[PDB]
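Sequence lines, in order, name chains S, O, f, M and E.
Just so we're aligned, residue 3 is where the first sequence starts under PDB author numbering, counting upward by one.
Just so we're aligned, residue 3 is where the second sequence starts under PDB author numbering, counting upward by one.
Just so we're aligned, residue 2 is where the third sequence starts under PDB author numbering, counting upward by one.
Just so we're aligned, residue 4 is where the fourth sequence starts under PDB author numbering, counting upward by one.
Letter by letter, the fifth sequence follows residues 89 to 109, 129 to 176 in PDB author numbering.
For each residue, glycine too, the CB sits at the ideal point set by N, CA and C.
For reference, the structure is listed below as structure tokens.
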Amino acid sequence: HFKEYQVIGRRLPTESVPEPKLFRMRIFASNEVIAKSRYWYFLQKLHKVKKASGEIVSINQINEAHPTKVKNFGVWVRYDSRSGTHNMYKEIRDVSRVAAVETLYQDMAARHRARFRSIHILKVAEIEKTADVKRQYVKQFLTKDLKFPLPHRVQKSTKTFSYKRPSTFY
Amino acid sequence: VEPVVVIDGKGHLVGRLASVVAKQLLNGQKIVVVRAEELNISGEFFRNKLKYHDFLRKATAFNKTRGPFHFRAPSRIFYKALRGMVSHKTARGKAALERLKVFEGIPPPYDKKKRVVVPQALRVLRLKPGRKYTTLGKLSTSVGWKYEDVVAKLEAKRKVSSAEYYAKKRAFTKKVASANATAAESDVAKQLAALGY
Amino acid sequence: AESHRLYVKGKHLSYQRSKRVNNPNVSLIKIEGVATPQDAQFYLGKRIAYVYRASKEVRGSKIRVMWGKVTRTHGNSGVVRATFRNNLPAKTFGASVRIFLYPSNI
Amino acid sequence: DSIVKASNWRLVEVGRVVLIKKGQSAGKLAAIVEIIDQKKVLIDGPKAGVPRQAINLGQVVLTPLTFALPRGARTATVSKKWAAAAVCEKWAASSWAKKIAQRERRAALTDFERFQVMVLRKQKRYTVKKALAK
Amino acid sequence: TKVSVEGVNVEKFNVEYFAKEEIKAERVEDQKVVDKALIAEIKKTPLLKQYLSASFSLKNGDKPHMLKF
RNA sequence: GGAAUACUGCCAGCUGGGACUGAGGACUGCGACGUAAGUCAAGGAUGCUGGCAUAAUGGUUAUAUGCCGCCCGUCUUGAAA
RNA sequence: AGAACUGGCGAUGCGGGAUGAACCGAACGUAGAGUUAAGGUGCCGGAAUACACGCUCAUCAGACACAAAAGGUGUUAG
RNA sequence: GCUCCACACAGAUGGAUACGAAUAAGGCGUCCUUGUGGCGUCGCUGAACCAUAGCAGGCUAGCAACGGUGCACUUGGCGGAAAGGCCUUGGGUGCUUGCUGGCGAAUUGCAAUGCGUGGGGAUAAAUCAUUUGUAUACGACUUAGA
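In structure tokens:
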């Protein structure tokens, strides 16, 4: 289960430079250690700050404001694969940011074969109104009075032998 | 749970059914398989037909008879599929195979006894909808089986008079339900209902 | 009257073994009506008796019984490990075994 | 004159009361509020007790009963609509809830109660056999 | 299930009572007294005597880990 | 405006189900209960019950079978061969 | 082909890998109980026909880096 | 195979409890114009149905049903795929826990479940012998003789 963390670093302030830029970003990780490692990697890559002169001011966990509210999430993702790195944008209809990022990671590992090692979450934002969604598969669930069945349900059997010839009707 | 289990092989996967039957056999359970010709295998017919040829093409040069044996009956094919899943060439494996019987259709006295199915081996429960599948009977007929006509002819007779037996059972259950209904609302019936019966 | 059974019938699968090594001191027993380790937890410590007929009569009877006990659960299918005073012949693989309700706690 | 038979499906939609099969709230009724995707649906069962959450359709089984419900209703509105529709009364009358209750009662039976049930069953069978063939 | 026992005297019995040093007459008399004391309590509830007389045995589909005693 | 729950970590918190071990051999010590006498789960188990002399039980041969095991010695080459 | 430095072997058993000299763990008194590594959990084979998200019909798929630069009115995502 | 004599004694313990077909559909009841018809009703596992009380299941007296059930008979039907089993009419004989009573349990002491051979009598058949070739190196094979 993923979790959202906030990490800030200001590169061990020295003489003549008190309170540096104080780089701030949000990191999604399953634990504090992984969040700190990802923050260090992002600082090394995007910025010129390394752990040699770095410092973790504070790490905090951010909880989604409305864990029971359905939202459409627009995520900008930059990931690396066998080919060169390129930007990517996707839209996810989920309830919480953590679930949306988890689904994005699962899709990337499934379709693009990209795993957590080479995936960067640039930004996660909520789409407020309809007709701003640019993906058809997300617009699919926005239709008014959406009703559909669940044909051919895969019923589970607790016994090897069943004297019923079960039907998959729903 | 049952001294002998009769499994209806119609609309079942050869692989899963054979695996479960072998596993039950290794546990000391007697199982009888019926309607082997109706067994189904995933994939289009040509793929299954091509697969059969490449296993019989390996006929030994010096001694073909003592070498691979190619059986066309669907029951023989099912037994071969299940045979490989059991540790044959050993006393434990040989004893287990003695508990399994495979027949085409439902020969008596099994025709007059209850039969069961394996939910995890049903073709209509595992295969994705709309996907191609192969029938064991048609494959056997293509590869040399010559008893499909008689099998179907005497299986149709099996449904004949068994529909009549079911009709008689339904008529009897009509009177049984009427007797239960007229016996309802009584003190004993009310007590049974309160006690979950 | 119709039935006098006071035990839960089971099946002896095989000894606790690896891919190429087996430990006859521990036997795996399948209990009817048990599907999860939680259900099998109730059967722990129950006496296990294997009943078979012997050609020779020794104590005025043709039935010889080997006793055992339930040690711990095995796997996720309800299989439970069992240890007997004398290990099973290894020919009883799949043979029926009897599990009693004593020593009972309920 | 047109005929279209055997097309009754339990559609998944807002206001579709469902029964949870697996999870903490297994066996507790829930009402679908908003559909997230083909595999995730938001449910709320405040009358039953299950807290509002997004559940996987694989962990829940639909039920024939249905009731009107505004899309994306909150817990209070969902509970109000549940009370107004009186879906609980319909649920009990159905043979499915009766079967659940009978199974629970049988699982809760006692040895002495089992003996009483056996005696009552014997008496009922005797009465039925006497009634039969007459 | 329980049956009233306050009306039955049991303090007399002890470990030495069952010692074995053709049934002892005192044992029969004590059994008769206990039966007389407990028969009223047994009859206090319907079908209790029949339930006690009937033996207990298992049947197909019975799961002791699921049955309630 | 207000509490509850989820998660993390703690309990020198409480209490059930199962398996193996019984090692030491009159006290010397660390400890607890108890005003005291005395007691205790405190440097390793005690008490009771059931089977027994035409015994209980144990030992050898083959077959009955779960699994494994290349034919021994010397010598070549870093090894097997 | 011949040389310079460096980690295992050689004197070395065990588990895993259909078997295994260049592969992983683990380096060894006789025993009991328990927990694990690599390796595994449809049968042979002791262990879930576990969960969730997507992908592929392959007329010799798939579960093993050279011929791989390109082609396809095959499919799912940017 | 018939008869007389001598000798031995891989795993039950409730019931394998019978339609077919579809699985993007199905059963059951009922109704009508008799149709790929109308209404109700059910699945979401067999967690199901029968039977399950009696010194391992005795003796005995009544009530109510006259039904349920074991037994050898008895009339008839069905079952050729491995039928070999399924029943069905009539009576007889036992139980009936469907209902109400009277007798015994103990000491087992707290548990080690609790049906051919080898010797004869007779009689069906086979081999060799013998002999013809249709077979032939030798085996082997087709024939004839109370």
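Test: residue i CB closer than 9 Å to a CB of chain S
| i | result |
| --- | --- |
| M/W12 | yes |
| O/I108 | no |
| O/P121 | yes |
| O/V126 | yes |
| O/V7 | yes |
Cβ-heavy atom distance, residue i to the ligand MG, below 8 Å
| i | result |
| --- | --- |
| f/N106 | This structure lacks the ligand MG; in fact it carries no ligand of any kind. |
CB contact below 9 Å: residue i versus chain O
| i | result |
| --- | --- |
| f/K12 | yes |
Residue j beta carbon less than 9 Å from that of residue i
| i | j | result |
| --- | --- | --- |
| S/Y7 | S/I94 | no |
| M/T69 | M/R19 | yes |
| M/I23 | M/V44 | no |
| O/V104 | O/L27 | no |
| S/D96 | S/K131 | no |
| S/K5 | S/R12 | no |
| O/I9 | O/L138 | no |
| f/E33 | f/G11 | yes |
| S/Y139 | S/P153 | no |
| O/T143 | O/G45 | no |
| M/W12 | S/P151 | yes |
Spatial neighbours of residue i in its chain, beta-carbon cut-off 7 Å, leaving aside the 5 residues before and after
| i | result |
| --- | --- |
| O/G69 | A61, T62 |
| S/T105 | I94, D96 |
| S/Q142 | none |
| E/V141 | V96 |
Sequence-distant residues of its chain with Cβ nearer than 6 Å to residue i (five each side left out)
| i | result |
| --- | --- |
| S/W78 | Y91, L124, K125 |
| O/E157 | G107 |
Beta-bridge pairing of residue i - partner residues as DSSP gives them
| i | result |
| --- | --- |
| f/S97 | f/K12 |
| f/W68 | f/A50 |
| S/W78 | S/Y91, S/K125 |
| S/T132 | According to DSSP, which records beta bridges pairwise, S/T132 is partnered with nothing at all. |
| O/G13 | Note: O/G13 sits in no beta bridge, so no partner. |
| f/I30 | f/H13, f/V81 |
| S/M27 | S/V9 |
| M/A57 | M/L45 |
| S/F150 | M/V15 |
| f/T74 | f/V81 |
| f/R18 | f/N23 |
Nearest-angstrom Cβ-Cβ length linking residue i and residue j, presumed shorter than 8 Å
| i | j | result |
| --- | --- | --- |
| f/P38 | f/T74 | 4 Å |
| S/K149 | M/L14 | 5 Å |
| f/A36 | f/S78 | 7 Å |
| E/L165 | f/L7 | 6 Å |
| O/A83 | O/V16 | 5 Å |
| S/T162 | O/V34 | At roughly 15 Å, the Cβ-Cβ gap does not stay under 8 Å, so S/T162 and O/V34 are not in contact. |
| E/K175 | M/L112 | 7 Å |
| M/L32 | M/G48 | 6 Å |
| M/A57 | M/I39 | 6 Å |
| O/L194 | M/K127 | 6 Å |
| M/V131 | O/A98 | Wrong, their Cβ atoms sit about 45 Å apart, outside the cutoff. |
Proximity test, Cβ basis, 9 Å: residue i and chain M
| i | result |
| --- | --- |
| O/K170 | no |
| O/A173 | no |
| S/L152 | yes |
| O/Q31 | no |
| S/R95 | yes |
Cβ of residue i within 9 Å of any chain E Cβ
| i | result |
| --- | --- |
| M/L135 | no |
| f/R6 | yes |
Interface flag, residue i vs chain f, CB-CB below 9 Å
| i | result |
| --- | --- |
| E/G168 | yes |
| E/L165 | yes |
Beta-carbon proximity list for residue i, same chain, < 8 Å, skipping 5 on both sides
| i | result |
| --- | --- |
| O/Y54 | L141, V145 |
| S/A116 | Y81, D82, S83, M110 |
| O/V23 | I9, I33, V35, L84, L102 |
| S/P15 | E21, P22 |
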